[PDB]
Amino acid sequence: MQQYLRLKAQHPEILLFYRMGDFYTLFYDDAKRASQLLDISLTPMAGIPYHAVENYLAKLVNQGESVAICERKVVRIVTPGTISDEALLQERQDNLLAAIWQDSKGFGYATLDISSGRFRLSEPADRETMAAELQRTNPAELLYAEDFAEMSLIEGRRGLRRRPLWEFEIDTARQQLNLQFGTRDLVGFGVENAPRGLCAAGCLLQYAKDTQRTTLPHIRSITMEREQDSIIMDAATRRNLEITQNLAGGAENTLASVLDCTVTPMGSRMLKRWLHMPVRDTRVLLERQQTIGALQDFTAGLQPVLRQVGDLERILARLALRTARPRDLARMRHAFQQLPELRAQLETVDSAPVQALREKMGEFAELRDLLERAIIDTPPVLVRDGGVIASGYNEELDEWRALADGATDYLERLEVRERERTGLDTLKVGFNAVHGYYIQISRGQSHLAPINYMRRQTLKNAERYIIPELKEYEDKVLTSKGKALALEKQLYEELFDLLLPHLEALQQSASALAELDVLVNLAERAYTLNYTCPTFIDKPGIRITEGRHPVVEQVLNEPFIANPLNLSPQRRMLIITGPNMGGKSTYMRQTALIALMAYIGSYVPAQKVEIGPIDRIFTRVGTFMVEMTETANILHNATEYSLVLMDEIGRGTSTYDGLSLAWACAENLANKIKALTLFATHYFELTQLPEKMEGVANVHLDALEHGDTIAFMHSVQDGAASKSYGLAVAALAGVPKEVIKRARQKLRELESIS
Amino acid sequence: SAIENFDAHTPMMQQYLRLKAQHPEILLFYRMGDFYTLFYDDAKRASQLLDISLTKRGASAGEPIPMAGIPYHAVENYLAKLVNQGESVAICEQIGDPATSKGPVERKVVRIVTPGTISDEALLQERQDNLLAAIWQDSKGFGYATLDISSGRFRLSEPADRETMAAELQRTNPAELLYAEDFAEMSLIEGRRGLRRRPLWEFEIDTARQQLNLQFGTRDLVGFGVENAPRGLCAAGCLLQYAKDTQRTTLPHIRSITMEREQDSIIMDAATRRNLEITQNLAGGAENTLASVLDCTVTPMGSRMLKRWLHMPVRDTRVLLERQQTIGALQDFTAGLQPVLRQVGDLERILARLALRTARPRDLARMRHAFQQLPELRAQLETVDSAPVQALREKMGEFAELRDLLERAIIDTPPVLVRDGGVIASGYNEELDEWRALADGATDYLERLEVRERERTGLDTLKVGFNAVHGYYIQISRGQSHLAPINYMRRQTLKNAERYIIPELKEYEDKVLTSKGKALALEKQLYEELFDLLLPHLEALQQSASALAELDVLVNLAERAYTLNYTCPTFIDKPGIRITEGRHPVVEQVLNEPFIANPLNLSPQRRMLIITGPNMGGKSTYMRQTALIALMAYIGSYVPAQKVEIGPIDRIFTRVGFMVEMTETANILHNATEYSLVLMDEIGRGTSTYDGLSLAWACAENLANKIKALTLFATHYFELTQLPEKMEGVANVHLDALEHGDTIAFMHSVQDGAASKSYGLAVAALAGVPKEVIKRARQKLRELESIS
DNA sequence: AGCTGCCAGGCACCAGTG
DNA sequence: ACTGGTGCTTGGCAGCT
Ligand SMILES: Nc1ncnc2c1ncn2[C@@H]1O[C@H](COP(=O)(O)OP(=O)(O)O)[C@@H](O)[C@H]1O
Ligand SMILES: [Mg+2]
């Protein structure tokens, strides 16, 4: 099997599916890797069925493997960041290609969603911001330079792709980006003086073109993401807030599972992008807010219609790549048919941004009509076999179809004519590839076959014959069908030619429809869930009246206790004592989630929120080394515009070391950084802090003991906690009474010295 | 909805719905000709699970019947997909002859494939046990029983409380768990796989006694040491009924049951098992476990046995001494024995298939190959001076007579299945040879008929062939076919060839097919007859496999003790553990750097150590290695140390630092005795500065002064280093660290006394906390330190 | 060597002949 | 009530290329 070997050497770094009957086949180290990635057997040999190939390609590319398909020669390759087939993608998750590299000056980073054409670059200023961007964008495939120094950033990632340095050269990158966009320079995209970033974008674009071997006319723009434009969140914070993924790895019990009731897959993906990148420009935020208020009375009417638009964005990528299949055009048509209704419903909405979305959404009446006429109501999945183009669209096609129908009409009549003549009630006409059309008589009747019948195939219980009249009309059927099939294919290709000149407008429409989806959904969410519009103030501050945690209030069936928060430059830090038991943690996270939601333009779970500018959110909530590392990161990077949530640091080391660290951290956050800080602690000794320094106050959670249990209440109250509950929980858990009694004595002994 | 009374159904569906009612909650494969077939919701589910088409079966009454199916010869692959997903499937076969049946042929469910009752090699993992279990809860405690259907190993026990019952589920990890409908403590059992809610009657004591005595051929169960154990018997009765119902044959490999008493083994709680990473690491994999290091057995049955031992340390001094002795005596013999032992294979599971009468031709061939190793193993073991080894050598037997039978009965490399024949060797049965020689002159006769008919007709395209649908034929090309003899009777027409039959060839067809069917049926009869001749010897065969498996474990443990530099431990009268130069057996193999060996001295006078030292200093590892050395000593293995003396250990408890921690601490305080080894790892959590520590202090006191267990108490609370002065039986040790200015170095060496200091600030600095913050923390620390 | 379609063997269904 | 045709799952392989 030397034929496999020399073909494997052609792409030695990619799994090679090698076709062999009804299977694709892998050998040597490819078999091993594949066996462990897919739950299939070894023999070294693995095999995957042919009819399920797209399924196994979906799994492999979701796990970061490129795959070459060999049918010999390599005739198809799929890579994880460059797929655009519906079978290979998850409907409600973005799938990005990215490239990274590094200067002595700093980093360059670029991402592309090959379906939507959304192309971004950035130049992260340091290791931490780069790590945060990688986690946020979570690229399915990641191109990096050979000489990349900071390998620890990307080492554990799926879909890594080591690239030569010359692919990151600035002059090549500019020339190529300018060619792609039809520009002389990149000034119009605001990236002309971002060379670190452009280098990454150029390597990425070169790779994307190499995987497709096709123009990418849907990639018409690039945008730079600046640090000051967004609320920075590091990976640990992103994880701890459970924005789109929970701490266990799933999608339930997240902020998105409550807020994302979008109706299109493109709307879902956009909302999730917004949730992970809160914007600091209140001008954008005020517009989003005003749109959410103005769409309130319209969501019931809009959503059912919007649902029918579908994933127009991903459908348009396939038009751009000329891979769109008959049902993609039928879905595009169906979306066009929703537009007059959406336009009519949106006409009376009092909002400049809704009216702007309405314009941008378009109408495309002439494309609607084209597809109504050109394609049948519910076409087949593939165009390969025809039955796609509607009658009345092309006179030549209708004619070939008529001649085919008349020849098949004739043969059906021949069947009845031959049965009648022969008196043979089993006689029939059929068709297959080997014999073309044939007359079949059963075994028991077949000795009465007329003598002109020419025997051609004996079956266990039948005989098949031809006569010249059968072959005559066979040829009428096959040549007519063949002509019609080839004509359907040419008419279908011509639909691409008529649609593609409108691609830029179509992309704008789908982007508008996706944004409408998001904003109509946030509007329904706000109204349904009793949210309020936050206001922005000039200086750091968070003033919340009856705030709630937006996830916990919908998932638990116990009543949610709403709470106030008052943070300002004069009251910058709260020391939170009392039992934790989830209540402290929830009160802290709900603070971050309210800040996050305000800063995506959403209403918030509260009676009232006023909020100042926030640059970064740190959430050290949820080994001692890992707590101290995360604490270090907060102290090194927080500013007076930062929101810091800290959860009982000092646990995991000695009493006096932990108290000493917690006290130092608190002072540094209060007096040097001046962040707005919620500082949950178990140390009663830390409640003396308000007496020793300005801007610091005590609050606490308490418990109610009753019957034979304890109710940990979630009401945040002024002042220090005056009780501990560890021994009460120990008694309820069955620790022997004599042990509890001795612990109570040691406890008073220990506490009475302070 | 159609009213589907009995009379509204066709004869086929009446039969089918009756068999389905026997198995209402599980998939039913209903044999219809070449297809196992499913209907209604079974079809829809099978379609989704097995990725086969959902179709339908027409009805004259009106509602179409959802249908799906698979050809009978592909059943095994589909059974694998189902059982891997925890699904049971009832297999219904055709019993009757359709030619002599008016209506539908007689159909029976002949077996039910379930996750814990599989015995087929393709459905099992080689190196892992696959148990069925049954569990029952009383007002006072639990009954539990386990069966390994592929070996016949049958056990009962009566775990006294919830924590011990949890430990037993973790240890035995049943693939299928039968539980009584009135089970209260559902937290132990829900979200386990293979869960099977059973009616209470299946746990009735008198029925259990009746069925067990019937299975064993006994009047009572006194001789098995379980007559006394009704709680356990109720679970074992449920289990045995399930085993019988699933297999629907006799089960002669299940010849005994044994009670697992608390006193016979070291009971490790759930946390201990998980924290010592015996067979599973903390993140769920098989890597970097104790087994990954100690398991270099060469047979699957040895690999499974060793893992059972690691999980169940034995308290019987004599057994331990015998195992130790065996390991010492076998050390220079491991290289010779291991290649030969490897050739024995998984005789254990082959013998189960023999007992169930499902053993395939390559099972019997591997059985033969195993018998052929026994004389060599006997010769190698004769010279080993050790009574326990000679007792194993004896128990492994020889079976010369059965070896000879398989050598004569079966060919060198038989096919996978017996259904197509070609298994029984020539010379074994003269009638078979006769029938075969008929389908043998065959090949030659057809070539001669061909050349003769070709030369005689003068038609150079003439060929003789066979088709399964149409039979033997003489073929002539279409262009030459008009020239065929008028005598040639047309059989099958093709596009470009005509095929004919003549009386001579038809006669030859009838005798070759008659004789092929005869030879096949005779083969199947003789193959079944091999079972009849093997099975009388099953008891000695099973004891042989068990001896072969134990030899493999012990020979392995000898090789490990040599290669990893282990030593033989000794046992003392009273609780205590004296280790010189002890190591963590796993950590020393994965670390890419020297393991720092450490002492330990526990005795009734020095029974609790408060262990301090910096985070990352080696506190947890030091505790774990103590328990691992104990565990290894108590399976009969040599241990990672220069010297070990160890007293009796009844139990090992572990708590690695809300309601759960507290509850687990109380169970330890309620259940440890003076013979317990207790590992408390940074416990004591409260809501304020001192409540958690206060509790840890009081728990320590209770362990030291009332219970008197041997306790390793690792803590970050320096306040507890004051315990030794207050409390008899308690001492300080610590994990050494050095501070050379900027940084801290972890020496990993255990020293007597408390650390000079705690090192929280230094660990924080190491973690990256800004120097200016560490500076202020040190200032606050000096204030705090001036209090006393 | 690749692609199409008959067949395996049960049983009920269905339409023509009592 | 018979007689003789049809249908239905998936995997094997003859029968064509
Ligand atoms: N005796 C030893 N020799 C070498 N390395 C050790 C030794 N004991 C522990 N270590 C290493 O030190 C690390 C920390 O050990 P650990 O037992 O977790 O300390 P602690 O529980 O005090 O925080 C472990 O990963 C282990 O690899
Ligand atoms: Mg530890």
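Convention: sequence-line order gives letters A, B, ...; per-chain numbering from 1. Only this structure's heavy atoms are used, side chains among them; waters, hydrogens and symmetry mates stay out.
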How is [X] classified with respect to the nucleic acid when contacts are heavy atoms under 4.0 Å: base, sugar-phosphate, or nothing?
X: B:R107; answer: sugar-phosphate
X: A:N461; answer: sugar-phosphate
X: B:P98; answer: sugar-phosphate
X: B:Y78; answer: sugar-phosphate
X: A:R456; answer: nothing
X: B:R478; answer: nothing
X: A:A433; answer: sugar-phosphate
X: A:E71; answer: nothing

Item checked: Whole-Å P distance, D:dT10 and C:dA12 -> 22 Å

Notebook entry, point to check: Hey, is the side chain of B:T10 poking within less than 4.0 Å of OP1 or OP2 on C:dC13, counting only N and O atoms?
Noted result: no

Checklist line | Positive for side chain to side chain contact (heavy atoms under 4.5 Å, CB included) with B:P104, one of B:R107, B:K102, B:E106 | finding: B:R107

Note to self: Given B:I26, which partner from the list B:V113, B:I112, B:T114 fulfils the side chain to side chain contact (heavy atoms under 4.5 Å, CB included) test?
What the structure shows: B:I112

Item checked: Stacking check B:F35 vs D:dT9 (5.5 Å / 30 deg) -> yes

Margin query: Looking at C:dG9, which nucleotide sits across from it as a Watson-Crick or G-U wobble partner, both distances under 3.5 angstrom, or is there none?
Written below: none

Checklist line | Six-ring centre of A:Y410, A:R417 cation under 6.0 angstrom, axis tolerance 45° | finding: yes

Checklist line | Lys/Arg cation over aromatic A:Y56: A:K59, 6.0 Å, 45° cone | finding: yes

Check: To the nearest angstrom, how far is B:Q475 atom CD from D:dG15 atom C1'?
Finding: 11 Å

Notebook entry, point to check: Do the rings of A:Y18 and A:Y4 sit parallel, tilted or perpendicular, given the 30° and 60° boundaries?
Noted result: perpendicular

Given [options], which nucleotide is nearest the side-chain atoms of [X]?
X: A:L459; options: D:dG11, C:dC7, C:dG10; result: C:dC7
X: B:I70; options: D:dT10, C:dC11, D:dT9; result: D:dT10
X: B:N467; options: D:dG15, C:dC7, C:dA12; result: D:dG15
X: B:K495; options: C:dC11, D:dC16, C:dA8; result: D:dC16
X: B:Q94; options: C:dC13, C:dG10, D:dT10; result: C:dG10
X: A:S442; options: D:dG5, C:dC7, D:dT10; result: D:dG5

Next item on the list: Find which nucleotide of DNA chain D each of B:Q492 and A:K428 is nearest to by heavy atoms, and output the residue with the more 5' nucleotide.
Entry: A:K428

Notebook entry, point to check: Relative to the 5' end of DNA chain C, which residue comes earlier, B:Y30 or B:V469, by the nucleotide with the nearest heavy atom?
Noted result: B:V469

